[PDB]
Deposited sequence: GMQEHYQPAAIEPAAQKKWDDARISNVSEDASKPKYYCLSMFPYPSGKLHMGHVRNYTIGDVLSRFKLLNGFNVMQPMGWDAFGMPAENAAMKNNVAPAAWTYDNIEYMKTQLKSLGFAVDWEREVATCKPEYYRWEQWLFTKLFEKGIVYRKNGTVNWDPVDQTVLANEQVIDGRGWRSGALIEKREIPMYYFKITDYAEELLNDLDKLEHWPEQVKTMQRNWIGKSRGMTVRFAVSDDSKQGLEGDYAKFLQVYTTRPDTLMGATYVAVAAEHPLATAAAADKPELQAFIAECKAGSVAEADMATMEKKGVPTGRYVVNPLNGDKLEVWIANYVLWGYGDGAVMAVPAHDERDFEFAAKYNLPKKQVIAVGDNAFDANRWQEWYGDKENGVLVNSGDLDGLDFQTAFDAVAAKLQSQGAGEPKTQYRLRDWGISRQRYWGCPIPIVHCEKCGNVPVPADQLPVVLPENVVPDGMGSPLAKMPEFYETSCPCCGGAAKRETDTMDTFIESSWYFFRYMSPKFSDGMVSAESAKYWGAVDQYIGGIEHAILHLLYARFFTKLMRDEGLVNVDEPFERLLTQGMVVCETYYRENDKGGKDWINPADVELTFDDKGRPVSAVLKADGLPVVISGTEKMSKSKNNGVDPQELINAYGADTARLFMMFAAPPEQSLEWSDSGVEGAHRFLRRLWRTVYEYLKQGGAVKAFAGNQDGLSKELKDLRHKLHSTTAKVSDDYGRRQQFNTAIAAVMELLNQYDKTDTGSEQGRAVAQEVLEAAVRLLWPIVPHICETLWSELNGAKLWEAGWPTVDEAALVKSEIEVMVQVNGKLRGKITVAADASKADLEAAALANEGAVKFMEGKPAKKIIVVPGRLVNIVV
């Protein structure tokens, strides 16, 4: 055994050892219990970053833990290949997106392999390959025929200078982020998934997910935003019907979730697009400008609550059907045309948004709810104003004294009898638009024929192949400028026709890839029936919390779609969900005429730390704040340089030890040094142990007659095995498992293991430690295990807890007072000559 730990020697040999034995190349083996551990597959954007290493290390810890416990473990990897990165790389480098993508894949695949992840590379998929995306084209056509996918006109932000559609997050002050030109809102036909048809299923099935973090479930419930409220109609007043046609001349209809406060409504508010807004504004230039400023707005939903709410009175009036109050209609910028009826009532006393709106414009506030003897201050909001559960109605006439639920049904009965309203269930969730006006994505399998309409490509003709020898312009989607691609013949009539040139939302590829891993070479469908039945669902899923809403909701949706097609046998794709935090790092710059400097290029001073300096020279640097690793502040530490400097095991140890998965991990040079120094110590402990006499059979069985010191070390060992097992299995906190193995070795360090029995216990200690740590640092553990023991480590299995080692010793002595019934004296006085271990007599 080499004296000094040298990872560049041992790590490739171990990787070859695992690969030769094919421990990760798994099949549908009915004799071993399956375990499907999945990390979110990466965008192939060039190189691994520290987030990647953290995520796939967490995945591999859990995989190897289950492997050592005898499961048939599938841990597959692949490439989420379509999307904008390749498009912009094409624009900057004048290379094809595909060629750039396949090169990134080759380089990142090498990096993952050098880290030693126990991955079944025979199940590798790349979603930009027609062998993959043909199957989502297949499902698309099938759902299109059923109407689950449909084509509808929708409005988008057009940038007229850069000639492309822009996401709403990509609009600042009504202008495109790169171009800086005023965006134009335009109506174009687009494709939608009818996800709202599955809203109630998607909402309710969350309750099944007992091993998901509650905050993820809460975020999904809120995103779906189901509510049971009331449709309420207010009759338009005699004087306010000018310019209105239809039922809009008769009433204004609103939806509210608080009909128990209908007695407290003090005004009503409508969207800028509402007919009442249009008729009111026809002779009022200030209203026309307000209507225009609303329509020009572009507020993404994470910013709708954070925008200043503004309104304009219209001079038009409606009547509360329950008390008779004439109420003014306002136009307001928070009422969205498309949600509900584009019209709401306002109760400033019991809705905080209405409170603030009414405070701004000095609109009335009428308290109709009371919670105990709480004082109502019409000038200061209080939390209890919005209380649904423990409130009771006041100032409501014949409704006074009712709680929320019985008031709700009382209002519902009154409204329904006179025809002024009825209960209604609503959902915030919108349908999912999948059209993208972009090149590097899966083609939409629709052929447009002026005789036959929107026609799906027949299954015999799929895939519609994206041509790969394209170098994106900049001036619009290339597919629309390629007659060689879109000029085709119609599949139903055989005449001249045009392919759809929009591509699919790349969220689609990541909504089913976990099923494709089950049979990635299956040419007859999305997933083979036999494989889906064996593998079932993902047992454990690991990824970043930033995917908690959209990606997770889309994947659950696709699972239910595929189940209903008859392809899979599960309702939910992901049983356990572990969300990983971000990686942060200090930032450094230097002022010019700021140019942010990468940390691996900087060197720090010290004392016994003054400042920092650039490695290439010696000019000082500006140490600034710690934040997430990014291109923006050039504070991303290349994982390749960590591996080059210390080896894969040190990289993995640092990430697992520095922070629990949910927590932000802070890059630290000394921390990485600490992890490397522990691996040297681990190496030194085994080497010194074997230097003093070589391996022996590990201690096992009855421990009576072992010295107290060695019994104590066995107690620490088997308590450490139980702790680490609970840390990997239940808590999924890996730092405390490393700490526990560290404590075991510390106790071993202070124990004389030189005797014959001492060596046997030492062998037991070391054979456990290297297996307890193997999921985390498998290369050094693999090599150390082969020096201690000839059996194959994965066949030796997870260390067992020897409960006999956890039973503390017993000695029963009698205690008598005047002849009749240090260590034992203090305990018997807690109940004087002492005959050792047998008897004590309290002579008094």
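In this chain, the deposited residues that lack C-alpha positions fall in the ranges 1, 595-597, 613-615, 829-840, 851-864.
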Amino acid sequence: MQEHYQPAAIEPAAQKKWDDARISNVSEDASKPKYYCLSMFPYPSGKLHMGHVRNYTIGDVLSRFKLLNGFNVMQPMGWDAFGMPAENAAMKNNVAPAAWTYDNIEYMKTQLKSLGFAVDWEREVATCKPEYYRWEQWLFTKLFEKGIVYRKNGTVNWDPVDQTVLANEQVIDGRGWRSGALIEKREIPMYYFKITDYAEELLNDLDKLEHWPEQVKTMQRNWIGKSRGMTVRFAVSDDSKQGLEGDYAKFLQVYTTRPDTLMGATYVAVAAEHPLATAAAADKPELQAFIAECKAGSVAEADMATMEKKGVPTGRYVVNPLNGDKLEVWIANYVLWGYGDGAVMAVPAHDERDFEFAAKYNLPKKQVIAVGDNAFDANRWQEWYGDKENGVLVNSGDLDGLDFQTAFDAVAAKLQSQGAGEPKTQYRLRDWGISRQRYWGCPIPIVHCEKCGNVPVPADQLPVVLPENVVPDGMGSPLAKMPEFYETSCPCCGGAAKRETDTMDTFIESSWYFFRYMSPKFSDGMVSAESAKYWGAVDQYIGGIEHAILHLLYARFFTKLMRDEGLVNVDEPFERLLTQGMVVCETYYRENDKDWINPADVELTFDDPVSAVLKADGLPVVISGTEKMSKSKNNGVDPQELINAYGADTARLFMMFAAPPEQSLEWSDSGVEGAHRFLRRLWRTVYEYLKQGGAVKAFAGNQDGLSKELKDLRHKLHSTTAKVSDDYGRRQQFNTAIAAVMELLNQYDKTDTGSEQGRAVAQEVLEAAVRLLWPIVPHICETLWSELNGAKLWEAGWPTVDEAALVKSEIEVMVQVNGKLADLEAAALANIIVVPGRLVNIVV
From here on, numbers count along this sequence of modelled residues.
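What we label the rigid core is the largest C-alpha set whose atoms superpose within 1.5 Å from one form to the other.
With each structure aligned by its rigid core, the stretch whose Cα atoms sit farther from this model in 8 other deposited structures of this protein, between 596-604 and 646-654, is 596-604. Using the rigid core as the fitting frame, the root mean square C-alpha deviation in 8 other deposited structures of this protein is greater for 301-309 than for the other of 468-476 and 301-309. Of the other structures of this protein that model both sides of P609, a third or more give it no coordinates.
Per-stretch averaging of Cα B factors for 130-138 and 177-185 places 177-185 on top. Higher mean CA B-factor, judged across 267-275 and 87-95 from the recorded values: 87-95. Highest C-alpha temperature factor among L209, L561, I224, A167 per the entry: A167. Between the residues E301, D260, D431, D649, the entry's highest C-alpha temperature factor is the one at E301. Residue-level temperature factors show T751 in the middle third of its chain, judged at the C-alpha atom.
In this PDB entry, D387 carries a Cα temperature factor that places it within the highest third of its chain's modelled residues.
For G536, the recorded CA temperature factor ranks within the lowest third of the chain's modelled residues.
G116 sits in the lowest third of its chain by CA B factor, as recorded in the PDB entry. Residue-level temperature factors show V216 in the lowest third of its chain, judged at the C-alpha atom.
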